[PDB]
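Source file: input07.tsv. Holds: TSV, C-alpha atoms.
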chain	number	residue	atom	x	y	z
A	1	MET	CA	46.12	46.45	-6.87
A	2	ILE	CA	42.71	47.62	-5.64
A	3	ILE	CA	39.82	45.70	-7.24
A	4	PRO	CA	36.56	47.71	-7.10
A	5	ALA	CA	33.48	45.45	-6.99
A	6	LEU	CA	29.74	45.59	-7.69
A	7	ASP	CA	26.99	43.09	-6.89
A	8	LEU	CA	24.22	43.06	-9.49
A	9	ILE	CA	20.68	41.78	-9.31
A	10	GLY	CA	18.35	42.29	-12.27
A	11	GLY	CA	20.36	45.29	-13.44
A	12	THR	CA	20.41	46.88	-9.98
A	13	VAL	CA	23.54	47.72	-7.98
A	14	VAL	CA	23.00	46.34	-4.49
A	15	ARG	CA	24.83	46.33	-1.19
A	16	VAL	CA	25.01	43.06	0.73
A	17	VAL	CA	24.79	43.45	4.51
A	25	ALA	CA	20.99	38.80	4.18
A	26	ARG	CA	19.90	42.41	3.64
A	27	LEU	CA	20.05	44.23	0.30
A	28	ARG	CA	20.04	47.99	-0.31
A	29	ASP	CA	19.33	49.53	-3.71
A	30	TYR	CA	22.14	51.74	-5.03
A	31	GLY	CA	20.45	52.33	-8.37
A	32	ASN	CA	20.35	50.96	-11.89
A	33	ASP	CA	23.49	52.73	-13.09
A	34	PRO	CA	26.25	50.15	-12.97
A	35	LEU	CA	28.03	51.30	-16.16
A	36	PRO	CA	28.79	54.92	-15.12
A	37	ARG	CA	29.87	53.57	-11.71
A	38	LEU	CA	32.29	51.09	-13.26
A	39	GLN	CA	33.57	53.66	-15.73
A	40	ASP	CA	34.41	56.05	-12.90
A	41	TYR	CA	36.23	53.29	-11.02
A	42	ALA	CA	38.40	52.68	-14.10
A	43	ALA	CA	38.87	56.42	-14.61
A	44	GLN	CA	40.46	56.65	-11.16
A	45	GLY	CA	43.11	54.07	-12.02
A	46	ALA	CA	41.56	50.67	-11.33
A	47	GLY	CA	43.31	47.98	-13.38
A	48	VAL	CA	40.77	45.24	-12.63
A	49	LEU	CA	37.05	45.21	-11.75
A	50	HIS	CA	34.94	42.55	-10.03
A	51	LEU	CA	31.25	41.76	-10.65
A	52	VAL	CA	28.97	39.33	-8.90
A	53	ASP	CA	25.91	38.27	-10.90
A	54	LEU	CA	23.45	37.58	-8.06
A	55	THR	CA	20.62	36.83	-10.51
A	56	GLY	CA	22.74	34.17	-12.20
A	57	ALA	CA	23.77	32.81	-8.81
A	58	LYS	CA	20.08	32.21	-8.01
A	59	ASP	CA	19.33	30.78	-11.45
A	60	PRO	CA	22.06	30.27	-14.10
A	61	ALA	CA	19.32	30.25	-16.75
A	62	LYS	CA	18.85	33.94	-15.99
A	63	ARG	CA	22.54	34.84	-16.20
A	64	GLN	CA	22.77	38.56	-16.93
A	65	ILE	CA	24.82	38.03	-20.10
A	66	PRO	CA	23.40	41.01	-22.02
A	67	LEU	CA	24.16	43.39	-19.12
A	68	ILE	CA	27.59	41.84	-18.56
A	69	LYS	CA	28.39	42.30	-22.27
A	70	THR	CA	27.50	45.99	-22.06
A	71	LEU	CA	29.52	46.56	-18.90
A	72	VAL	CA	32.67	44.87	-20.21
A	73	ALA	CA	32.37	46.74	-23.49
A	74	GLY	CA	31.95	50.01	-21.60
A	75	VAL	CA	35.23	49.91	-19.67
A	76	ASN	CA	38.87	49.53	-20.76
A	77	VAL	CA	40.04	47.16	-18.01
A	78	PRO	CA	39.60	43.42	-17.37
A	79	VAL	CA	36.53	42.39	-15.39
A	80	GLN	CA	36.34	39.22	-13.33
A	81	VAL	CA	32.79	37.91	-13.03
A	82	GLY	CA	31.22	35.37	-10.71
A	83	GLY	CA	27.77	34.12	-9.81
A	84	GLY	CA	26.30	30.73	-10.63
A	85	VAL	CA	29.31	29.33	-12.44
A	86	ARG	CA	28.39	25.64	-12.38
A	87	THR	CA	29.31	24.25	-15.78
A	88	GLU	CA	31.93	24.43	-18.52
A	89	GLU	CA	29.22	26.04	-20.64
A	90	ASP	CA	28.79	28.80	-18.04
A	91	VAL	CA	32.50	29.59	-18.12
A	92	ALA	CA	32.55	29.64	-21.90
A	93	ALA	CA	29.48	31.89	-22.11
A	94	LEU	CA	31.00	34.48	-19.80
A	95	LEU	CA	34.31	34.46	-21.66
A	96	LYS	CA	32.46	34.83	-24.97
A	97	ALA	CA	30.64	37.84	-23.48
A	98	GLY	CA	34.05	39.46	-23.01
A	99	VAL	CA	34.79	38.66	-19.36
A	100	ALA	CA	38.53	38.53	-18.58
A	101	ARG	CA	38.31	36.00	-15.75
A	102	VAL	CA	35.54	33.78	-14.51
A	103	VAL	CA	35.20	33.50	-10.74
A	104	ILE	CA	34.58	29.89	-9.70
A	105	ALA	CA	33.19	29.49	-6.19
A	106	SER	CA	31.07	26.56	-4.98
A	107	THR	CA	32.00	24.37	-7.95
A	108	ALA	CA	35.71	24.68	-7.07
A	109	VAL	CA	34.92	23.02	-3.73
A	110	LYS	CA	32.31	20.61	-5.04
A	111	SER	CA	33.98	19.15	-8.15
A	112	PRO	CA	37.76	19.71	-8.19
A	113	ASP	CA	38.49	17.12	-10.89
A	114	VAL	CA	35.95	18.80	-13.18
A	115	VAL	CA	37.32	22.27	-12.46
A	116	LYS	CA	40.88	20.98	-13.06
A	117	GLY	CA	39.66	20.19	-16.58
A	118	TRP	CA	38.50	23.81	-16.91
A	119	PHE	CA	42.03	24.98	-16.10
A	120	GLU	CA	43.26	22.71	-18.88
A	121	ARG	CA	40.72	24.06	-21.38
A	122	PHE	CA	40.57	27.76	-20.54
A	123	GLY	CA	43.94	28.40	-18.92
A	124	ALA	CA	44.76	29.65	-15.42
A	125	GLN	CA	44.67	33.30	-16.52
A	126	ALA	CA	40.95	32.93	-17.19
A	127	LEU	CA	39.94	31.52	-13.81
A	128	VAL	CA	39.78	32.82	-10.25
A	129	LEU	CA	39.02	30.40	-7.43
A	130	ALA	CA	36.89	32.08	-4.79
A	131	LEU	CA	37.03	30.43	-1.41
A	132	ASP	CA	35.16	31.40	1.75
A	133	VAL	CA	37.24	30.70	4.84
A	134	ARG	CA	36.25	30.19	8.49
A	135	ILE	CA	39.01	30.05	11.09
A	136	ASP	CA	37.89	27.26	13.42
A	137	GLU	CA	38.66	26.71	17.12
A	138	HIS	CA	41.92	24.91	16.27
A	139	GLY	CA	42.99	27.79	14.04
A	140	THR	CA	42.56	25.86	10.81
A	141	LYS	CA	41.47	27.77	7.70
A	142	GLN	CA	38.27	25.89	6.88
A	143	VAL	CA	36.73	26.24	3.43
A	144	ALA	CA	32.96	26.67	3.20
A	145	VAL	CA	30.86	27.24	0.08
A	146	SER	CA	28.94	30.13	1.68
A	147	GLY	CA	28.51	32.00	4.97
A	148	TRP	CA	25.31	30.16	5.84
A	149	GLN	CA	26.53	26.63	5.19
A	150	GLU	CA	28.69	24.44	7.38
A	151	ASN	CA	32.34	23.87	6.57
A	152	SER	CA	32.92	21.24	3.89
A	153	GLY	CA	35.89	19.57	5.59
A	154	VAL	CA	38.78	20.85	3.47
A	155	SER	CA	41.33	23.47	4.46
A	156	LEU	CA	42.35	26.43	2.33
A	157	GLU	CA	45.83	24.90	1.99
A	158	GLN	CA	44.50	21.49	0.98
A	159	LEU	CA	42.26	22.98	-1.70
A	160	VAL	CA	44.98	25.26	-3.08
A	161	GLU	CA	47.34	22.30	-3.29
A	162	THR	CA	44.67	20.36	-5.22
A	163	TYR	CA	44.85	22.93	-8.03
A	164	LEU	CA	48.56	23.80	-8.05
A	165	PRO	CA	49.29	20.92	-10.49
A	166	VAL	CA	47.07	22.56	-13.15
A	167	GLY	CA	48.77	25.91	-12.70
A	168	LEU	CA	46.44	27.79	-10.34
A	169	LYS	CA	47.36	31.51	-10.36
A	170	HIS	CA	44.42	33.48	-8.89
A	171	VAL	CA	42.68	32.82	-5.56
A	172	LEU	CA	40.12	35.06	-3.90
A	173	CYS	CA	39.79	34.49	-0.16
A	174	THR	CA	36.87	35.86	1.90
A	175	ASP	CA	37.10	35.57	5.70
A	176	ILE	CA	33.60	34.72	6.90
A	177	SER	CA	34.57	33.98	10.51
A	183	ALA	CA	36.74	46.72	10.06
A	184	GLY	CA	39.25	44.00	9.20
A	186	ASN	CA	42.66	38.21	9.89
A	187	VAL	CA	45.74	40.02	8.59
A	188	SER	CA	47.57	36.94	9.87
A	189	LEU	CA	45.42	34.76	7.60
A	190	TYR	CA	46.64	36.53	4.49
A	191	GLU	CA	50.27	36.76	5.65
A	192	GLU	CA	50.35	32.99	6.18
A	193	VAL	CA	48.82	31.81	2.93
A	194	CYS	CA	50.63	34.33	0.73
A	195	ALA	CA	53.99	33.33	2.16
A	196	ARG	CA	53.25	29.63	1.70
A	197	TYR	CA	52.27	29.97	-1.98
A	198	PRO	CA	54.25	32.90	-3.42
A	199	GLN	CA	53.46	31.67	-6.95
A	200	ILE	CA	49.76	32.44	-6.39
A	201	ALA	CA	48.26	35.92	-6.49
A	202	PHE	CA	45.79	36.09	-3.60
A	203	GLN	CA	42.90	38.51	-3.48
A	204	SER	CA	41.25	39.52	-0.23
A	205	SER	CA	37.52	40.22	0.03
A	206	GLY	CA	35.49	41.55	2.94
A	207	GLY	CA	36.33	43.56	6.04
A	208	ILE	CA	37.19	46.78	4.22
A	209	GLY	CA	35.19	49.36	6.17
A	210	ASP	CA	37.60	52.27	5.90
A	211	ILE	CA	40.90	53.35	4.37
A	212	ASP	CA	42.95	52.04	7.33
A	213	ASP	CA	41.76	48.51	6.49
A	214	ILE	CA	43.52	48.79	3.13
A	215	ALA	CA	46.70	50.05	4.78
A	216	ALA	CA	46.59	47.02	7.10
A	217	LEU	CA	46.87	44.64	4.13
A	218	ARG	CA	49.98	46.27	2.69
A	219	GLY	CA	53.00	44.07	3.27
A	220	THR	CA	50.91	40.94	3.90
A	221	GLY	CA	51.69	39.70	0.40
A	222	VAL	CA	48.07	39.97	-0.72
A	223	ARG	CA	48.08	40.93	-4.39
A	224	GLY	CA	44.55	42.26	-4.83
A	225	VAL	CA	42.17	43.97	-2.42
A	226	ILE	CA	38.52	43.69	-3.36
A	227	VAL	CA	36.55	46.74	-2.25
A	228	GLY	CA	32.78	46.91	-2.62
A	229	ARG	CA	30.48	48.42	0.00
A	230	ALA	CA	32.97	51.06	1.28
A	231	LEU	CA	33.02	52.71	-2.17
A	232	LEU	CA	29.21	52.63	-2.38
A	233	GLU	CA	28.94	54.15	1.09
A	234	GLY	CA	31.33	56.95	0.14
A	235	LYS	CA	33.93	56.15	2.83
A	236	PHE	CA	36.74	56.74	0.36
A	237	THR	CA	37.26	56.78	-3.40
A	238	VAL	CA	39.02	54.33	-5.70
A	239	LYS	CA	41.74	56.96	-6.20
A	240	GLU	CA	42.28	57.24	-2.44
A	241	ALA	CA	42.27	53.44	-2.07
A	242	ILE	CA	44.95	53.09	-4.75
A	243	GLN	CA	47.08	55.87	-3.23
A	244	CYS	CA	47.01	54.11	0.15
A	245	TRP	CA	47.59	50.70	-1.38
A	246	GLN	CA	50.65	51.89	-3.34
A	247	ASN	CA	52.15	53.64	-0.33
So, in terms of structure tokens, how does the structure I just supplied come out?
Amino acid sequence: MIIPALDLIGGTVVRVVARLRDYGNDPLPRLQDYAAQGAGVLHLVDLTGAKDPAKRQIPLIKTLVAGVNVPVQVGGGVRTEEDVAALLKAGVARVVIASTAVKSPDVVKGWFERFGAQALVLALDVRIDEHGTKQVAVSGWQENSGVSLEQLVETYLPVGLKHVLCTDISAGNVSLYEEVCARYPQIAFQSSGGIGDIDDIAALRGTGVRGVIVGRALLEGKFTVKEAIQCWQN
């Protein structure tokens, strides 16, 4: 499926380029129109909460989830068990765990045990290094942490990992997704980044990728969610 995405900071829809462009304070109508076009899942990044978990945009997130009829996965500053629980209580379908999944795997394994694998998405940034290894990093501006995508996935398979979001931070690579999806067919991989036009979606068909996250291309009016879904399903 196509997974339309918004980044939110203080109620504002923004485009990440780190440069930020204002696309207005209307996230709910935007999300509603994404769902209206057939989206089965939506993705939100709470950039305010990522900067300071104390300022997690829970009231806004509550409104947004209430305002659509499809599950929303939400990330941004998910550091503690309490963070996960707060988002779920707000009505979020899945909590996106990013840096903490790299930093404290034994702790996050406990979260799988408490919340269940259907409630959690592990978001991993990947750099392909000179050797061709898929190196995990916690962000685009930090060095690699010294664990491969495969090694980290295999860390969480024993607690029933089901959802992994993989962003290539090294138009959009296809080989990356083909490889990992084939190796772990019991995991539903999502791809993020590199979607600049409709042909980029077509390119990911047949790779085995389950979900294609699309953010900026929808904001920039390159194509619609309906067109993305039509291309994805054909």
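Interatomic distance, CA of residue 75 (chain A) against CA of residue 115 (chain A): 28.6 Å.
Among A:61, A:1, A:175, A:160, the residue with the shortest atom-to-atom distance to residue 244 (chain A), counting only C-alpha atoms, is A:1.
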| task | Identify the residues within 12 Å of coordinate (40.8, 23.8, -14.7) (same frame as the file), considering all atoms listed in the file, and give the answer as a PyMOL selection string. | result | chain A and resi 87-88+91+102-104+107-108+111-129+162-170
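Proximity of A:79, A:68, A:8, A:38 to residue 238 (chain A), computed with only C-alpha atoms, is greatest for A:38.
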| task | Could you check which of A:193, A:72, A:9, A:48 is closest to residue 222 (chain A), using all atoms listed in the file? | result |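 For residue 222 (chain A), the nearest of the candidates is A:193.
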| task | For the point (24.2, 32.7, -13.4) in the file's frame, write as number ranges by chain all residues with an atom no more than 10 Å away, counting only C-alpha atoms. | result | A: 52-65, 82-86, 90, 94
| task | May I ask for the distance between CA of residue 196 (chain A) and CA of residue 152 (chain A), given in Å to one decimal place? | result |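 Pair CA of residue 196 (chain A) / CA of residue 152 (chain A) returns 22.1 Å.
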| said: One number please: CA of residue 81 (chain A) to CA of residue 17 (chain A), in Å, one decimal. | reply: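 Separation of CA of residue 81 (chain A) and CA of residue 17 (chain A): 20.1 Å.
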| Nearby residues (all atoms listed in the file) at most 9 Å from residue 192 (chain A), same-chain spacing under 5 positions excluded, as a ChimeraX atom specification | /A:187,197,220-221
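Excluding residue 106 (chain A) itself and any same-chain residue fewer than 5 positions from it, the protein and nucleic acid residues within 8 Å of it, counting all atoms listed in the file, are residues 86, 131, 145 and 146 of chain A.
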Mind working out the centre and edge lengths of an axis-aligned box for region 218-222 of chain A, all listed atoms inside, 3 Å added to each side, rounded to one decimal in Å and written as JSON?
{"center_x": 50.5, "center_y": 43.0, "center_z": 1.6, "size_x": 10.9, "size_y": 12.6, "size_z": 10.6}
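Across A:184, A:147, A:209, A:45, the tightest approach to residue 236 (chain A) is made by A:209 when counting only C-alpha atoms.
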Shell around residue 80 (chain A) at 7 Å using all atoms listed in the file, local window under 2 positions removed, as a short mmCIF file (atom, residue, chain, number, x, y, z; two decimals) with C-alpha atoms, in the coordinates of the input:
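Saved the output as part37.cif:
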data_model
loop_
_atom_site.label_atom_id
_atom_site.label_comp_id
_atom_site.auth_asym_id
_atom_site.auth_seq_id
_atom_site.Cartn_x
_atom_site.Cartn_y
_atom_site.Cartn_z
CA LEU A 49 37.05 45.21 -11.75
CA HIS A 50 34.94 42.55 -10.03
CA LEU A 51 31.25 41.76 -10.65
CA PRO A 78 39.60 43.42 -17.37
CA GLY A 82 31.22 35.37 -10.71
CA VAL A 99 34.79 38.66 -19.36
CA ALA A 100 38.53 38.53 -18.58
CA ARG A 101 38.31 36.00 -15.75
CA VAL A 102 35.54 33.78 -14.51
CA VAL A 103 35.20 33.50 -10.74
#
For residue 237 (chain A), work out the shell of residues within 10 Å, counting only C-alpha atoms and skipping chain neighbours fewer than 3 positions away, then give it as a short mmCIF file (atom, residue, chain, number, x, y, z; two decimals) with C-alpha atoms, in the coordinates of the input.
data_model
loop_
_atom_site.label_atom_id
_atom_site.label_comp_id
_atom_site.auth_asym_id
_atom_site.auth_seq_id
_atom_site.Cartn_x
_atom_site.Cartn_y
_atom_site.Cartn_z
CA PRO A 4 36.56 47.71 -7.10
CA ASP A 40 34.41 56.05 -12.90
CA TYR A 41 36.23 53.29 -11.02
CA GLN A 44 40.46 56.65 -11.16
CA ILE A 211 40.90 53.35 4.37
CA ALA A 230 32.97 51.06 1.28
CA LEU A 231 33.02 52.71 -2.17
CA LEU A 232 29.21 52.63 -2.38
CA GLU A 233 28.94 54.15 1.09
CA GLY A 234 31.33 56.95 0.14
CA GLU A 240 42.28 57.24 -2.44
CA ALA A 241 42.27 53.44 -2.07
CA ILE A 242 44.95 53.09 -4.75
CA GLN A 243 47.08 55.87 -3.23
#
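Nearest to residue 204 (chain A) of all the residues A:183, A:77, A:144, A:130 is A:130, based on all atoms listed in the file.
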So that I can see what lies close to residue 14 (chain A), please list as an mmCIF file with C-alpha atoms, in the frame of the given file the residues with an atom at most 10 Å from it, counting all atoms listed in the file and leaving out residues fewer than 4 positions away in the same chain.
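The file below, out-v5.cif, is the result:
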data_model
loop_
_atom_site.group_PDB
_atom_site.id
_atom_site.type_symbol
_atom_site.label_atom_id
_atom_site.label_comp_id
_atom_site.auth_asym_id
_atom_site.auth_seq_id
_atom_site.Cartn_x
_atom_site.Cartn_y
_atom_site.Cartn_z
ATOM 1 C CA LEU A 6 29.740 45.590 -7.690
ATOM 2 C CA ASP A 7 26.990 43.090 -6.890
ATOM 3 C CA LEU A 8 24.220 43.060 -9.490
ATOM 4 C CA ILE A 9 20.680 41.780 -9.310
ATOM 5 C CA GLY A 10 18.350 42.290 -12.270
ATOM 6 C CA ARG A 26 19.900 42.410 3.640
ATOM 7 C CA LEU A 27 20.050 44.230 0.300
ATOM 8 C CA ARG A 28 20.040 47.990 -0.310
ATOM 9 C CA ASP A 29 19.330 49.530 -3.710
ATOM 10 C CA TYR A 30 22.140 51.740 -5.030
ATOM 11 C CA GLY A 31 20.450 52.330 -8.370
ATOM 12 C CA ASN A 32 20.350 50.960 -11.890
ATOM 13 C CA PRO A 34 26.250 50.150 -12.970
ATOM 14 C CA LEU A 54 23.450 37.580 -8.060
ATOM 15 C CA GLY A 228 32.780 46.910 -2.620
ATOM 16 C CA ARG A 229 30.480 48.420 0.000
ATOM 17 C CA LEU A 232 29.210 52.630 -2.380
#
